[PDB]
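Just one chain is shown here, as structure tokens, and it is the form solved without this ligand.
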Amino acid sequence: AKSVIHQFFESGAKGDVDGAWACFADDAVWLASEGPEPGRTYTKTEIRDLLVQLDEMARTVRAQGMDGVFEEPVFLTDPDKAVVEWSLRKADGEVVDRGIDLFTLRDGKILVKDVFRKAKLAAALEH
């Protein structure tokens, strides 16, 4: 594949949990979009179960005619970092969920996957 990031999304989209998991370095972290940290840290031993959960989530939205779209990674001037914009869309194109991943790579493996996601709300607080 064109990069380890490309391999990750190709293996994940195909439901190959083990292949997507093997894209991570043993000291990798996946920093999920929601949790107390803020976000939540998954280490390599915890990432496989996360991929399993996400695979079952992907099968559900797929069965509802939704599309998950992962854009081509665009690298930073630090060639070991890249952003991947992504979105979940209904068949008619309505964006259901949208985010961005910031990858840090090291030695052909993912060291950090830092996940950010728009929050779908009616409103927050202003002045």
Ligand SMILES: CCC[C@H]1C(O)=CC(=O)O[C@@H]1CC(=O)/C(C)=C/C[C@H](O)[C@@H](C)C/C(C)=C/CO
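Position 1 is the first residue in the sequence shown; the rest follow in order.
The following text describes the form solved in complex with this ligand, which does not appear among the structures shown.
Overlaying this ligand from its position in the deposited bound form leaves no ligand atom within 2.4 angstroms of any backbone or C-beta atom here, which marks the pocket as open.
Proximity to this ligand in the deposited bound form, defined as a heavy atom within 4.5 Å, singles out one entry of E34, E94, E46, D78, which is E34.
Under a 4.5 angstroms non-hydrogen atom cutoff, this ligand in the deposited bound form has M57 among its neighbouring residues.
In the deposited bound form, this ligand sits beyond 4.5 Å of every heavy atom of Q64.
Contact check for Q53: a heavy atom falls within 4.5 Å of this ligand in the deposited bound form. This ligand in the deposited bound form comes within 4.5 Å of no heavy atom belonging to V17. By the 4.5 Å heavy atom rule, the three marked residues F70, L88 and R117 all count as contacting this ligand in the deposited bound form.
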